[PDB]
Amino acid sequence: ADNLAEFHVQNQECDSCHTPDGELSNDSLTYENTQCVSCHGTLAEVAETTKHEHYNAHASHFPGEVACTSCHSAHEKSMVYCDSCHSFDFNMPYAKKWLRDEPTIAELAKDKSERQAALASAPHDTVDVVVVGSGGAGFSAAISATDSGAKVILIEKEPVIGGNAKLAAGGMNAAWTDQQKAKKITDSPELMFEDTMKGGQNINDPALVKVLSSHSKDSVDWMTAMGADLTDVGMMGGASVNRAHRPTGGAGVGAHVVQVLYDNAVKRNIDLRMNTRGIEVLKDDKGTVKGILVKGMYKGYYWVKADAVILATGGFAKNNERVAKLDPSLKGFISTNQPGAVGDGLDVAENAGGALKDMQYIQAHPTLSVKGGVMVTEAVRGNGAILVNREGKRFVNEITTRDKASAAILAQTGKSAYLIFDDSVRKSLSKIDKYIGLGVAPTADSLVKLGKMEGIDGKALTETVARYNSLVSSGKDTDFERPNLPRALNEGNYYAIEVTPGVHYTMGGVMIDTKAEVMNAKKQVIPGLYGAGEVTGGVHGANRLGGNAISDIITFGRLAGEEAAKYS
């Protein structure tokens, strides 16, 4: 067979997968995927037949109910989604190599003829609010608005939910939580505000940072009330105290928060549409929002009539061409992002009249795994790991800001360094077991041995760890001034993870006020248009602190949903 449908139709009728009229149920292919499941079982049952010791196409870290058509198309060869970040040994039937080729919004001007037909038609749906993007901010805004009594449609251009938020690991910052108090941490919204402003080099909009710090506990409470576990509180770079919240044991905050949000949206019967891209915000004759033109992958263009549109589309850190124009020093770097994080949501915001700000500030995460090409959480360092160069020495305060850590790593021999930790650090953060499972954390029972395996001066590394453990024991790092020294590296075996910087997060984006209203260049509100999450600018100034983006998307996502519902 040349394709999956041809294979099945050798023994099956068209309606084994299709509806009675033959029309595709919707752009999520809901009915069609139910038929795959009726014969093959759920994703979890299929995964029992495709086990590999350390990986499995059908049982991943992605949250929500991943549709089979996310990777298996019927009438044409299709791509494995995991290939966008990993290169696992897979043999999917009718596969084709991963290639992301998505037209820009500007390029979609070529469909002017089909777009005009869509716009001349009646709206396909008439609702109160449309949320664009199924990352943490968009689910938060959909739930919030629905809970306030608004009828929402939440759209997502990708085949799978959660954007980059599902990838988040280190935590969600918040101050003065009940969770901190149970771990005996003392903090305050004022101190979180202070750390954030200083970390962003005072470029941050202070009114936006006040919303971030003051709503932070409430956002933690809201998520927890919805079923989230945010009881583990760790340290991330640039924070005066531990305030990065995550599930018990140090599991990744991201996939968990998005799973909780999805489950809550499903419980509320929120109309969620996959493979549906927002293209153009429509405005009436007085310039207020009247709806949005969308492009369904399977159904074509159509528009939704609504009072409000909430853009929650994420950043543009996968788009190296846009990134290099703004910061030529990041040209050619690998990204930590999902494949659709290219900034089309910003183009939608701008075409609607929204202005952008702080676009030149682009964050590189200092620690991408060289071997795996994926982000290694900063929580590995916050929980006690050090960084060594190939000479087996420390060279930087490992919990300094991201700008300084990336430069210090790139200044080392080979333009990369190694995270070094022991079993005490490993046991303190369960996320570390995920790097070991990926095969990117070689181990040995001595540093001399570990060094020999990874090309690190073994005898200098041994000395380096003994010296660092002495500083931990005395409580002051006189070599690099790391202000938090939580553990000695002296339990069990040792591990090394080769790391280098990668493009991660875009601090700039659409200008919003404190009600998450999108504004134009004259600082005028565009009635009905909201923005929330990494697509906005002004919250994080020149450098975002680790943990502050998950805090931002919940707080601003929730706020946008409530304001949009009220506006109506």
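Heads up: residue numbers just count along the shown sequence, starting at 1.
Averaged over Cα atoms, the B-factor as recorded in the entry is higher for 447-455 than for the other of 415-423 and 447-455. The stretch with the higher mean CA B factor, choosing between 132-140 and 251-259, is 251-259. The residue among 183, 151, 318, 322 whose C-alpha atom has the highest B-factor in the PDB entry is 183. For the set 293, 160, 379, 241, the PDB entry assigns the largest Cα B-factor to 241.
Looking at the C-alpha B-factors along this chain, the one for residue 265 belongs to the middle third. Residue-level temperature factors show residue 31 in the middle third of its chain, judged at the C-alpha atom. In the deposited entry, the Cα temperature factor of residue 229 sits in the middle third of values across the chain's modelled residues. Annotation for residue 16: CA B-factor lies in the middle third of the chain's modelled residues. For residue 88, the recorded CA temperature factor ranks within the highest third of the chain's modelled residues.
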